[PDB]
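Trainee:
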Amino acid sequence: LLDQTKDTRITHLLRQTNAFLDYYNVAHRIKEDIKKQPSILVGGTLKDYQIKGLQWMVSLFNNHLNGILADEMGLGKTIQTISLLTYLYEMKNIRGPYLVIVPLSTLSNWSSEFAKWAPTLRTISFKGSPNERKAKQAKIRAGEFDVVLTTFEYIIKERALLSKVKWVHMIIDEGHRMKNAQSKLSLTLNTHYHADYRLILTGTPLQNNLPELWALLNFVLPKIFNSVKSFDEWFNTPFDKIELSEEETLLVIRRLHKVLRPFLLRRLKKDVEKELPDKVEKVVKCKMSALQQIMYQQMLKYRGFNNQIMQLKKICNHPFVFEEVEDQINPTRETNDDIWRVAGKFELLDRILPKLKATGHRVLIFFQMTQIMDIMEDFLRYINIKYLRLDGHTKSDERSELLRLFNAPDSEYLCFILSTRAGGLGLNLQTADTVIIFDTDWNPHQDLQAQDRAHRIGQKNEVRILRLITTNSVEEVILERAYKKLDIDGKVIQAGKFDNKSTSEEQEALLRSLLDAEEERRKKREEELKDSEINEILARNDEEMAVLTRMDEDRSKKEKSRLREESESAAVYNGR
Amino acid sequence: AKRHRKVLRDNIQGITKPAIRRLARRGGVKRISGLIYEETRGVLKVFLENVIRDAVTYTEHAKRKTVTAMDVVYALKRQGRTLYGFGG
Amino acid sequence: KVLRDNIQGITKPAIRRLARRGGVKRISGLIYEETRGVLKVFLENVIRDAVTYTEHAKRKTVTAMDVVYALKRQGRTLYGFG
Amino acid sequence: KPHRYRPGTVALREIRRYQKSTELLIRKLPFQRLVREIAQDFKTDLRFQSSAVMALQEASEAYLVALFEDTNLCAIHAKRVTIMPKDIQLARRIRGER
Amino acid sequence: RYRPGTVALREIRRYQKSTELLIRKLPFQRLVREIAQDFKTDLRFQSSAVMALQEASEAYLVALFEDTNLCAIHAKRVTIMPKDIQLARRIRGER
Amino acid sequence: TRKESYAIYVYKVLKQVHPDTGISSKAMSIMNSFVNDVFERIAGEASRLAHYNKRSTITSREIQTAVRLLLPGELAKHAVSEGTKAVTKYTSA
Amino acid sequence: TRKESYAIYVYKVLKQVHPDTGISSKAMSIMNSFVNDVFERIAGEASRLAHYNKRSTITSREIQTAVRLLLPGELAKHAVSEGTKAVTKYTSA
Amino acid sequence: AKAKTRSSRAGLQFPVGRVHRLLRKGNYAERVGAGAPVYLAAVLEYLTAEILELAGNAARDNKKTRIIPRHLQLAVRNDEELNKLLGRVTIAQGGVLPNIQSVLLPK
Amino acid sequence: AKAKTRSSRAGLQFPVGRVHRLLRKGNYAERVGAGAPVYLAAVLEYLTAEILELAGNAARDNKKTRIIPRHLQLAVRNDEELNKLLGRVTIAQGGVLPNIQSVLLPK
DNA sequence: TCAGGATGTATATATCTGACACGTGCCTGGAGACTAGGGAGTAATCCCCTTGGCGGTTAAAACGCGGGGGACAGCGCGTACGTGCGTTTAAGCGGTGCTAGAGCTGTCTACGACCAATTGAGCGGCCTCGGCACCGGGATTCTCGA
DNA sequence: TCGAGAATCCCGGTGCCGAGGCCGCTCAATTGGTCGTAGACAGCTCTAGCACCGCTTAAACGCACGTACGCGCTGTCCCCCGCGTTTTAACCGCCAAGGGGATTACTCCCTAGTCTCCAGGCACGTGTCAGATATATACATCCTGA
Ligand SMILES: Nc1ncnc2c1ncn2[C@@H]1O[C@H](COP(=O)(O)OP(=O)(O)O)[C@@H](O)[C@H]1O
Ligand code: BEF
Ligand SMILES: [Mg+2]
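Residue numbers (the entry's author numbering), protein chains in the order written: chain O, 670 to 690, 743 to 960, 967 to 1030, 1047 to 1269, 1276 to 1308, 1314 to 1317, 1337 to 1349; chain F, 15 to 102; chain B, 20 to 101; chain A, 37 to 134; chain E, 40 to 134; chain H, 29 to 121; chain D, 29 to 121; chain G, 12 to 118; chain C, 12 to 118.
1. Going by the C-beta, is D792(O) closer than 7 Å to any heavy atom of ligand 1?
2. The alpha helix (DSSP H) spanning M1119(O) covers which residue range?
3. Hey, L806(O) and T844(O): beta-carbon distance below 8 Å or not?
4. Tell whether a beta-carbon distance below 8 Å holds between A111(A) and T118(A).
5. Decide if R23(F) is buried, meaning its Cβ has at least 16 other Cβ atoms within 10 Å, or exposed.
6. Tell me the DSSP secondary structure of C110(A) in three-state form.
7. Considering only DSSP beta bridges, list what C1158(O) is partnered with.
8. Ligand 3 and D769(O): does the residue's C-beta get closer than 7 Å to at least one heavy atom of that ligand?
9. Quick check: the region 890-908 of chain O against the region 932-946 of chain O, are there 3 or more CB pairs under 8 Å?
10. Suppose the cutoff is 6 Å on Cβ atoms and the five residues either side in sequence are ignored; what does the same chain contact list for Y819(O) look like?
11. Just to confirm, does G765(O) get its C-beta within under 7 Å of one of the non-hydrogen atoms of ligand 2?
12. Would you say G1201(O) and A1165(O) are within 8 Å of each other, going by their C-beta atoms?
13. Which stretch, first to last residue, makes up the beta strand (DSSP E) that contains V43(F)?
14. Tell me, please, whether the CB atom of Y72(F) is closer than 8 Å to any CB atom in chain D?
15. Taking a Cβ distance cut-off of 9 Å, strictly less, list which residues of the region 76-92 of chain E are near chain O, in chain order.
16. With respect to the beta strand (DSSP E) encompassing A916(O), which residues constitute its N-terminal and C-terminal limits?
17. Are the Cβ atoms of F100(B) and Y99(A) separated by less than 8 Å?
18. How about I26(F) and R35(F): do their beta carbons lie closer than 8 Å?
19. Buried or exposed for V89(E), going by 16 or more other Cβ atoms inside 10 Å?
20. Determine the chain E residues that contact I119(A) at a beta-carbon separation under 9 Å, and present them in chain order.
21. Starting from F1109(O), follow the beta strand (DSSP E) in both directions and report where the run begins and ends.
22. For the candidate residues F1181(O), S1342(O), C1013(O) and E753(O), whose alpha-carbon lies nearest to that of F1110(O)?
23. How far does the beta strand (DSSP E) with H890(O) in it reach, from first residue to last?
24. I'd like the list of long-range same chain contacts for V1007(O), defined as Cβ closer than 8 Å, with 5 residues on each side in sequence excluded.
25. Ignoring anything shorter than 3 residues or poking outside the region 45-112 of chain G, list the beta strand (DSSP E) runs there in chain order.
26. Less than 7 Å between the CB of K773(O) and some heavy atom of ligand 3, yes or no?
27. Please state if the CB of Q112(G) and the CB of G56(B) are separated by a distance shorter than 8 Å.
28. Within the chosen definition, does the region 91-110 of chain E reach the region 99-108 of chain C through at least 3 CB pairs nearer than 8 Å?
29. Which residue or residues does DSSP assign as beta-bridge partners of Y819(O)?
30. In chain C, which residues lie with their C-beta within 7 Å of the C-beta of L62(F)?
31. Using a Cβ distance threshold of 8 Å, determine whether the region 757-766 of chain O contacts the region 1003-1020 of chain O, with at least three qualifying pairs required.
32. So, with DSSP's three-state summary, where would you put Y41(A)?
33. Under the three-state reduction of DSSP, which class applies to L82(E): helix, strand or coil?
34. Consider the Cβ of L96(C): report whether some Cβ of chain E lies at a distance smaller than 8 Å.
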């Protein structure tokens, strides 16, 4: 049907190659591979993956072609950029001017791998007040430098300057941040004049709905920018499961793979190592308290606006996020024993903390913003387990400073708070272990985005992940919809996982086995309070099962209970 | 403070001493007494209640949940102060 | 028959009485002429509106209804005369 | 010596007296001749009903009473018990009549 | 340092010169929403409506400060006082 | 020529509120002009509300909203109460 | 849905008075609300004049008197002049 | 059948029929509903009943059994809400509420 | 025959037909004459021509070839008669005429 | 009175963009043509309310004349507000995710316009009679010089 | 703190013209029927409104300090009030002429209404320049000292 895109877009590949300046051959026609690193790279270990990926992107370079990196995480996009420029322009020596743009969450990091992992290529950053910039682009106003390392909004404010000069090869990170082409960032990147070579780095493709596949491949490529309105009906594959999966899923998705092979590149951690300790992913469940649970039927019965979604997420996390509720509960608002006795998250939290500090293993936790992190700070300060804090409104100084404060292995603090949106891209850690997520992924790409910050190349520990959810609430329905979406892109990105070298048999292997997984969760579609069950998560060996029995003579043995006037009064004040 | 915010001054206080100061500078006022601010906030609250009750009345009559620009224009013209440029 | 100096027919004690009713305690000697000017302006307005109504109806007589429609026309409603 | 009231007492007694009754404070014939003179400049040879002249007298007297109320408010705001022309034209300037 | 009263006049010319809106959006919008809560709960506002209330409110306060300035100057004082405001609102008939 | 007025009706209401009190003719004229005034106000506001919402029929709802616009506060509340009761009893029987 | 306005007409008159000068969209909206305002004023006064004199037809005379009521002084004189000339030329040809 | 007045159905003393006629011939809208004259007549009855109530109270306070325009002036202006409604009204033969500014009184 | 617009007969740029429709459906009177839309449209043309004339003069004085609401504020308030007509109007984005009381200026 | 500096304000050139001016397909409202009928114009008559005059009464206005209190100028004190600087802090702008209700359509039906028949509520003319204006006298109260 | 005394309230008596009830006499309000149609209700689309956070930076806030002006006090003088006397024009009551409002009878022609036909104007695009912004440079003005 559309194979006019097959032959016509192959001849169109000739159009990019010659006219602009098996898909495994005609698109890749200029060939090379080298398993030796560029001579500029210093202080690093050479694995197999960034070789094939290295000369793969170099194969995109020689042919004058763009690309996207579809890989999992931890494969060192930074390494491929460093070795990229240092190898390429170790040969040609042009070496600049070249632009790289990254999230502000990690900026001085990228400069830190621009420090130890290679010298001789300078960097222009942008941070802080306009004064330091005045020094920087006032000195370099004449345009002499190897590389500019900048961030998002500084091409929006500094687009009046840095877009005047000519550019060649730009590096933009986290394509999910790019997302829509209607956003001002996109249409203002056309105000940026032109840079011949391009690229996009991402830890995961776009939203499950995927109308913006347009926007993506428009900013990524000359291919489809002619006809904007085309593929919206051709997206019907994702939205008689055998026959509908066949026509829709099998037809349209076979077409998507047929077209999209020589662009995205994805691998795994088990492919490069197998040192990944487990699947390292679990979940848990929790209970509620009647005094809080009445807010479900009463406050859901209030039906003022937008609360029905906002009300339940808070009350299962904190009652105290509401000002009037926290005021009527206690006037004194001093640190109290009943702060952690109002919900079950703090009860089981007070259950795990003695075993957390006991085992000596640390924990990462993700949160909602504003009052949630504040109250969690109040609890971790209440039982006095020291913690770092991080979030969107903090400066870059203590952003990098706190990042360095983590890197000390002598650390006496185990847990600490980090923002899903702000800090999910904010760190790169080989030494972490345990992860916890309250928010339950309003987008799955954010939870899997910040999720991989635990398991990393050279992980000497064993990762365990926990999703803390309470029963009889809207949040486990949000988890329902969450892995519903994980299936929605499960026909897209989990279809995109077998595409690296354009294999053959593995796609139907993941169709039969993975299809048994989506059928398994078709069964899934339609307690742990005792010490042993909670011991099972963090044990990972019998040795930890034995050493956690020392915490059973207090939490259980112990030489009040969880649970009215606050319910009636709460109903009075919340009736506004 | 840092543990719990308690940073809320409500709203009508969100109209700032420099704001009212600027509104007086436009009117031709040279020097301002220190007590003008509370009275100005009171007057502003009065006028806003008077206009908003009418706009909400026109909104409820049409059986709509959205307060549009035409409702506010008909409330201002309703009270004798005509406004142009937003429709009418 | 040209009529002139009839606004002087308004007497100093008259305006004085109006101020006594208005709550004024002591009156300056310069209030009078100004008050006559203001009253003359007001009467020019109301009378030009009423006479306009009378001209539109092709009538030679100015009815009290025309005066009421002129006052209500200016925004001051007068009850009791129709 | 002939008994005389302290200045300002007769004025207050007149305030209570005239504020007590409904009496019209302007004499008919002069006001009527004034209305006719003012009406001569618009259309000549006009007829006036008595109730019309009475209407203009009601509206005029009430308007001047209110004007002297606001003028009194201005004079008292100036810390003076004597109204002045600048108080009148001030009130007419704030009302928006000029 | 400038003599007191010069900066005030330069501000008078500056703000009387331009059309700029003198009240910040978000605080005024939250105020409008708070005042509207007491009438009907869960209301939706268009941006042009809030802009309308800002236009009418700012213009009304500018006129009020003009008449208040007239009162203060009539009192032989260059400093407006609350009694000048409530005097102007008393003469206009708003109270 | 017969010129109708509200005189006898204001008289009846007066005899309901104060059976022992009479009313002068001039005060009756003031009451007449008052009833005509308020009538023209409510009818005018009803016409405006009917025109802005694009409807050709004046119903009790437009008169109700007009009363709520014109009459401040308790006059509006008690007025809407009495009127709603009157339409209620009217259509009920 | 087609919402008509006076925009193109104010544009034509602007090109008659000042051929070299353009107008912003916001100023065009202000002119539109102005024309609608004055229109509703003259039409309302014409309705009142037609009702008080007991006539069911609005003619050029009622519009003329309404213009003489609303527009002060020279605006009324020149307005009545231009309008009378327009009706003259209209019915003459 | 014997015709019963619509004013007697709703229990109103005012001419619902006359109000209906005035709404039809008043050039207000093109069509008039069936509840408009009843509701409007009721509102007018409430307002008239209130103003005549205050007028009767003032007349009783002045030791006069016949209401005069002075009693309407006092009855209105002494009430806050009716003063807010009628603030633009000039009542014939009304007079002025007795008032003296406290600063003008001797001491 | 070829239909000729009534606006072109009287020499008016405004839609005499549209004004006639608005007078018919505006619930003003029951019947509308044949001279009302022509005369009224002419009056509106005079007013619009004047206000746009003053606005153009102010725009030319400010060295701007595009009329802005500020030029309407100045063009109106600087004229006496249009200020008397529009005195109750609040123009959006209008601003205020530059003014300082002579007593406030230094000496 | 008059020169020098620092700040804000105006002017000249470059540049860069988002709102404005113009062309286009289309469709619904405006123009033409024809007809009926009822409202407005127009002649004729009736009467009542306006205008004009005159004369007698007298409350009210004009004119003057003391004098006491308030408007107004001057002067001095103290404190409250302008002004500038370092420090926070939310406003502004952007960007994501959801979905409630604005906006339009399509039926379909109760509801109001309209005309014929009928009659009783309200009104104009017409009678009482009593609540209130007016007055005359006495008791009481509030103002002013001892 | 108190009497002389001038103004005011109170009470009893008297005369009158408007309030209040009655009675024909309509003509508009009520009832009974139709007939077309505005909007009530259900359904569908999809736009803008809602919440929230990230991130930067112009504005607000707190504070130190000076001096400009608000306000209290005093003295001066002038001018407006309280009262007596004198004059005049309002007022009331009556009488008379008449013309302009009010109505009714007759007629005609201007506009509502409907049908037919088409182009003036409107949403949607396209290009494109007026001016808003930025940099550089010079003039107006205040504040200081001389
Ligand atoms: N050969 C290697 N030896 C040691 N560490 C490595 C090696 N390759 C990658 N890493 C680790 O990977 C991290 C960089 O990965 P990163 O650029 O964050 O990947 P991505 O950008 O795909 O998430 C570094 O912190 C580094 O410690
Ligand atoms: F290396 Be991943 F971007 F934490
Ligand atoms: Mg990365």
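We treat Cβ as the ideally placed atom computed from N, Cα and C, and that holds for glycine.
Mentor: With the given structure in hand:
1. yes
2. Counting along the chain, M1119(O) sits inside the alpha helix (DSSP H) bounded by residues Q1114 to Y1125.
3. no
4. yes
5. exposed
6. helix
7. DSSP, once it has assigned bridges, lists no residue as partnering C1158(O).
8. For ligand 3, not one heavy atom lies less than 7 Å from the Cβ of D769(O).
9. Yes: the two stretches touch, three or more of their Cβ pairs being nearer than 8 Å.
10. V868 and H890
11. no
12. no
13. No beta strand (DSSP E) contains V43(F), which DSSP labels as neither H nor E.
14. For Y72(F), the answer is no, since every Cβ of chain D falls outside 8 Å of its Cβ.
15. Within the region 76-92 of chain E, the residues whose Cβ lies closer than 9 Å to any Cβ of chain O are, in chain order, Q76, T80, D81, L82 and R83.
16. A916 to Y918
17. no
18. With respect to the 8 Å criterion, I26(F) and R35(F) are not classified as neighbours on the basis of their beta carbons.
19. buried
20. Going along chain E, no residue has its Cβ under 9 Å from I119(A), so there is no contact; the nearest lies around 13 Å.
21. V1106 to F1110
22. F1181(O)
23. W888 to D894
24. Within the same chain, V1007(O) has close Cβ partners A1197, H1198, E1205, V1206, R1207 and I1208.
25. 100-102, all fully within the region 45-112 of chain G.
26. For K773(O), the shortest separation between its Cβ and any heavy atom of ligand 3 does not lie below 7 Å.
27. no
28. yes
29. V868(O)
30. Ordered by position in chain C, no residue passes the 7 Å Cβ test against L62(F), which lies about 15 Å from the chain.
31. no
32. coil
33. coil
34. no
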